[PDB]
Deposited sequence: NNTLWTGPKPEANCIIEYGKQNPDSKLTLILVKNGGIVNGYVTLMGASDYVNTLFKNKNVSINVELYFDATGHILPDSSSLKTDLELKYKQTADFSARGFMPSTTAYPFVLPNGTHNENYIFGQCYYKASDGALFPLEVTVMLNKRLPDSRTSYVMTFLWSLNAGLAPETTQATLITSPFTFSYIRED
């Protein structure tokens, strides 16, 4: 087995707002093993009012952090995902970002950049600058691998004027897996 789903169509399991304890956004994360590297898939979908009114502004930031452990399971009390990643058919250490190619601390060799696109409700298209940052940091002593996300936007005009459901396009990345 070589898949860590969140789900094909998941429920609300990711939080965004600094202060909330309820899940208010859905995060579709799929990691598959492919030889010596691991591919990626990420799609955040809004599931509240606060995530839907985020794109009234012209400069936003959507921070999602996933603090793993020494086996491969998400610690739900310190990360931003309140639901463990479960496999497809059936030790998930072989899916983590490697600590030899991406070591712990400068160190700009941990970042993975890219771009996804937000399609507005009026018909226009807006690009979002994805920053995927591997390990670089220890938030506690129990954490052994860190994989964070960030969906920045800097546009001139506002994308929306009222509430619309925030869905981002799929983003694909690759990293070197821990053996």
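- Residues 91-95, 111-114 of the deposited sequence have no C-alpha coordinates in the structure.
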